[PDB]
Amino acid sequence: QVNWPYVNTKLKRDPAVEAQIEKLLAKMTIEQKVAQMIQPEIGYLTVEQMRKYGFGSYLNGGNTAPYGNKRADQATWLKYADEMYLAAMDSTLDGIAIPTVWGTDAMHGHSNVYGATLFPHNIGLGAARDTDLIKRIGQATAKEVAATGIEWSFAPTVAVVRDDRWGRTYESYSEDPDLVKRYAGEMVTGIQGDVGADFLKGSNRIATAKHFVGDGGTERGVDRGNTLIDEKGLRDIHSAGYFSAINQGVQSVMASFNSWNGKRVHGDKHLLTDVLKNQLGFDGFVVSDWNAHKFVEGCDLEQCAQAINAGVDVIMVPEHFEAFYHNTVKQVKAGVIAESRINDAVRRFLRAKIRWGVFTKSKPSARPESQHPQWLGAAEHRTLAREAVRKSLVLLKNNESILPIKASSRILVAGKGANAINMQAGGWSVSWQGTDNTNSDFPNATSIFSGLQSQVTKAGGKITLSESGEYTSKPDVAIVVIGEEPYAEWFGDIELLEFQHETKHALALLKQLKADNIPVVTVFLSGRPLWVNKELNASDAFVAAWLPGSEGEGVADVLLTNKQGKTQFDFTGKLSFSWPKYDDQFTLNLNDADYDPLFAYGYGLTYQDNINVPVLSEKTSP
Ligand SMILES: [Ca+2]
Ligand SMILES: [K+]
Ligand code: NA
């Protein structure tokens, strides 16, 4: 057998909290216990249903917003939170007064909420190599979540991605488990507070580390695919983030969509109980992913004893929660789910709600952390995100030191991504895919063109925006902003590594500018390295900017001099994913036996280098 380390070494239980739990459990019926374990979503839940059942939690799925209103005032969010809170404190119909909690996914800030600060996606945060930065982003994120009356946020994502074909590659900090391990505990403590006197106090939120486990190791990077690896590899490559997150006392863990050697993780008792709970020693609660239970053998949308028996404590059933609730009760009464199992699930979940202060705090709109609407999209947070943007950029090529550009130059800005905030933000940004977003969906955000314009104008230079690369006066330099369209999950799964393999539209723009003898600085937006030898050859400089988020001016901060013509910020980012030399290097990872990357893990030029990148082979595999 494979031995996993015990990693819950810091958080000690609170005896007063445990006494309350035991007292509560002793008086609860089977029905009240099961209610705590079921999680409806606001697109399908009514206040009357909450009064009737007293569900343990409910989900902000991000597709609906409170009362159906696409955008909504703080008072509207807090009114909804109060209505649900009072419905659950009403023991009239279900016979008990256990306060519910609201949960939300926080992909890069409070990212499904209109007006929220959008931080760079994880891959670029990985490039930054800055653990203190990560902790501060967690702190900012807790405040923005608190400002909407939500107690529980899903973050960090600790996937370690080994095949970049996966549509969720950008949600991972690195292909390297050591980097993810360094980061995970910082995000957990940033959100929840450090283990100690401030643990879960004030604006601190309950956190969820996702996803357990191996979703970044599926064959061919298929989303929700099959992870083929022995147990030691599962432990040493894919679980490193959980070691530090559990050690820092993360309150919740979310189970994963993928399979491990042919078995769905959500139904695997060995993973979710024996490994996660018994060996690693996780003392918090396991939450399932969105209708993930339906894919477990023998389960469906309205029933899944297997997942509950495997070690899932809270079931995310956004739509079918009512039928799922009644079915689960009948299964406990039939004896096919042990009362001891239900008791343990409720213990672990109440241990989180009670210790966070659910009985001690007032109703949502009256809590101290609800009195600060400015926290949502706060200037201080946008300043933090802008710093993250600067540190996330990786300079791949800078021939003849064309960067940094004098701010007083005449600059042309071109490419589809030049003034498109939806491209710089990527998926999980107000909407799911990000495709339908326009610039007005991001108030107070700044596009890359806008950031450049601001600084060039201040320096007395001239700037022009033209996506197609048209100009009146021939510029000194063209900054071309190009990249992937936004995507989330399986919509982003690819089979070919070549950028825009079907159209090569951006390449034609680059070549057009080169043929006119205009120097070219490419700013590449993507959720992953891609095979871009051709585009690199058509560029004098080439910057991997990943998916920088709302603060586009961080790009100008690095690429441009100040008004005096001096460097203001140098590049500091280093690759956290290996960059492919050939279009078929699908699994190119640090420490591989045959490791032949174009640019290795840890690579990143700075203005102190005087290195040229020569013309590269443009041959593609058959
Ligand atoms: Ca890799
Ligand atoms: K099934
Ligand atoms: Na109740």
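For this chain, numbers begin at 1 and follow the sequence in order. Side chains included, hydrogens not; waters and symmetry mates left out as well; all remaining heavy atoms used.
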Handout entry: Worked check of ring-ring contact (aromatic ring centres under 6.0 Å, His included) between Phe154 and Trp152
Key = CA-CA 7 Å; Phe154 313 155; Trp152 173 19; 5.3 Å; yes

Exercise for the section: Could you verify whether a donor N or O on one side chain and an acceptor N or O on the other, from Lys269 and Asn309, lie under 3.5 Å apart? Expected result: no

Problem - Salt-bridge present (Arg367, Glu151; N to O < 4.0 Å) - result: yes

Practice task
Keeping the roles fixed (side chain from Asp289, backbone from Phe257), state whether a donor-acceptor pair exists under 3.5 Å.
Solution key: no

Practice task
Please answer whether the main-chain N or O of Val17 pairs with a side-chain N or O of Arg355 as donor and acceptor at a distance below 3.5 Å.
Solution key: no

Handout entry: Donor-acceptor side-chain pairing of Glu322 and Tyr53 below 3.5 angstrom
Key = yes

Exercise for the section: Go through the steps for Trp428 and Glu171 under the test side chain to side chain donor-acceptor pair (under 3.5 Å), then give the verdict. Expected result: CA-CA 10 Å; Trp428 305 106; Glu171 298 178 45; 3.0 Å; yes

Exercise for the section: Decide, yes or no, whether a salt bridge links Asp283 with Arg13 under the criterion of side-chain N to carboxylate O below 4.0 Å. Expected result: yes

Problem - Within 45° cone of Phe199 ring axis and under 6.0 Å: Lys10 NZ or CZ - result: no

Exercise for the section: Compare all side-chain heavy atoms of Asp236 with those of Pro177 and state whether any distance is below 4.5 angstrom. Expected result: no

Handout entry: salt bridge (charged side-chain N to carboxylate O under 4.0 Å, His left out) partners of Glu144, counting only residues at least two apart
Key = none

Handout entry: Charged N-O contact under 4.0 Å between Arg136 and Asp132
Key = yes

Handout entry: Chi angles and distances behind the side chain to side chain contact (heavy atoms under 4.5 Å, CB included) call for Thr189, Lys135
Key = CA-CA 7 Å; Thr189 59; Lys135 190 174 183 162; 3.5 Å; yes

Practice task
Keeping to residues at least two apart or across chains, list the disulfide (SG to SG under 2.5 Å) pairs with something in residues 301-366.
Solution key: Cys299-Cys304

Handout entry: Short N-O contact, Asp344 and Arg348, less than 4.0 angstrom
Key = yes

Handout entry: Closest non-hydrogen atom pair between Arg341 and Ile308, with its separation
Key = NH1-O, 3.0 Å

Fill in the blank from the handout: Tested for side-chain contact (heavy atoms from CB on, under 4.5 Å) against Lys277, the lone hit among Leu272, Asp313, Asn8, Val253 is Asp313

Practice task
Evaluate side chain to side chain contact (heavy atoms under 4.5 Å, CB included) for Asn291 paired with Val317, printing each intermediate quantity in order.
Solution key: CA-CA 5 Å; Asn291 288 326; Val317 222; 4.2 Å; yes

Practice task
Over 60° means perpendicular and under 30° means parallel, so classify the ring planes of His270 and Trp260, tilted if in between.
Solution key: parallel

Handout entry: Expected output: side-chain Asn204 to main-chain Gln192 donor-acceptor under 3.5 Å
Key = yes

Problem - For the student: nearest non-hydrogen atoms of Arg382 and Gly377, plus distance - result: NE-O, 3.1 Å

Handout entry: Test item: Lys232 and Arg235 side chains (from C-beta on) under 4.5 Å apart, heavy atoms
Key = yes

Exercise for the section: Could you tell me whether the side chain of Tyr242 and the main chain of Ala209 form a donor-acceptor pair under 3.5 Å? Expected result: yes

Problem - Parallel, tilted or perpendicular: rings of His121 and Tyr170 (30°, 60°) - result: tilted

Practice task
To the nearest 0.5 angstrom, please state how far the OG atom of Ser256 sits from the CZ atom of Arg264.
Solution key: 9.5 Å

Handout entry: Donor-acceptor pair between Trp356 and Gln251 side chains, under 3.5 angstrom
Key = no

Handout entry: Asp82-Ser365 side chain donor-acceptor pair, cut-off 3.5 Å
Key = yes

Handout entry: Spatial distance of atom CE (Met107) from atom CZ (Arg168) [nearest 0.5 Å]
Key = 5.0 Å

Handout entry: From CD1 (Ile42) to OG1 (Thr64), nearest 0.5 Å
Key = 5.5 Å

Exercise for the section: Would you mind reporting whether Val158 and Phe212 have side-chain heavy atoms less than 4.5 Å apart? Expected result: no

Handout entry: Test item: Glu380 and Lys143 side chains (from C-beta on) under 4.5 Å apart, heavy atoms
Key = yes

Exercise for the section: Apply side chain to side chain donor-acceptor pair (under 3.5 Å) to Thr208 and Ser252, showing your working. Expected result: CA-CA 4 Å; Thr208 296; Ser252 175; 3.2 Å; yes

Problem - Nearest non-hydrogen partners of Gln248 and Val195, listed with the distance - result: O-CG2, 3.6 Å

Practice task
Could you tell me whether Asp90 and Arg51 have a side-chain N and a carboxylate O separated by less than 4.0 Å?
Solution key: yes

Exercise for the section: Please tell me if the side chains of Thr117 and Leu384 come closer than 4.5 Å, counting only heavy atoms from C-beta onward. Expected result: no

Fill in the blank from the handout: So OG of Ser203 and CG of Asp198: to nearest 0.5 Å the spacing works out to 10.0 Å

Practice task
Take the angle between the ring planes of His372 and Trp375 and call it parallel below 30°, perpendicular above 60°, tilted in between.
Solution key: parallel

Exercise for the section: Establish, from distance only, whether the side-chain atoms of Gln49 and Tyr58 form a donor-acceptor pair under 3.5 Å. Expected result: no

Practice task
Establish, from distance only, whether the side-chain atoms of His108 and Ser429 form a donor-acceptor pair under 3.5 Å.
Solution key: yes

Exercise for the section: Could you go through the side chain to side chain contact (heavy atoms under 4.5 Å, CB included) check for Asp274 and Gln1 one step at a time? Expected result: CA-CA 12 Å; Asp274 188 78; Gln1 195 186 3; 4.0 Å; yes

Problem - Verdict with supporting geometry, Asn122 and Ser172, side chain to side chain contact (heavy atoms under 4.5 Å, CB included) - result: CA-CA 5 Å; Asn122 281 358; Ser172 168; 5.7 Å; no

Handout entry: Validation row: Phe321, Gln39 side chains within 4.5 angstrom (heavy atoms)
Key = no

Handout entry: Any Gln36 side-chain heavy atom under 4.5 Å of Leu24 side chain
Key = no

Handout entry: Shortest non-hydrogen contact between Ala184 and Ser244, atoms and distance
Key = CB-OG, 3.3 Å

Practice task
Give, for atom CD of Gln303 and atom NE2 of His320, the distance between the pair rounded to the nearest 0.5 Å.
Solution key: 13.5 Å

Exercise for the section: Please check if atom NZ in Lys294 has more than 12 non-hydrogen atoms from other residues, nucleotides or ligands closer than 6.0 Å. Expected result: no

Practice task
Report the distance from atom CD of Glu551 to atom CG of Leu118, rounding to the nearest 0.5 Å.
Solution key: 8.5 Å

Practice task
Answer yes or no: are there more than 12 heavy-atom neighbours, outside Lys12 itself, under 6.0 Å from its atom NZ?
Solution key: yes

Exercise for the section: Evaluate whether atom CD of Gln371 has more than 12 neighbouring non-hydrogen atoms of other residues, nucleotides or ligands under 6.0 angstrom away. Expected result: yes

Handout entry: Side chain to side chain, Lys210 and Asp215, heavy atoms closer than 4.5 Å
Key = no

Handout entry: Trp166 versus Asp223, side-chain donor and acceptor atoms under 3.5 Å
Key = yes

Problem - Salt bridge present between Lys79 and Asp73 (N-O < 4.0 angstrom) - result: no

Problem - Side-chain (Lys353) to main-chain (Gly56) donor-acceptor, under 3.5 angstrom - result: yes

Exercise for the section: Check ring-ring contact (aromatic ring centres under 6.0 Å, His included) between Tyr173 and all other residues, then give those that pass, not counting sequence neighbours. Expected result: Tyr183

Practice task
Give a yes or no on whether a salt bridge exists between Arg224 and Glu489, defined as a side-chain N under 4.0 angstrom from a carboxylate O.
Solution key: yes

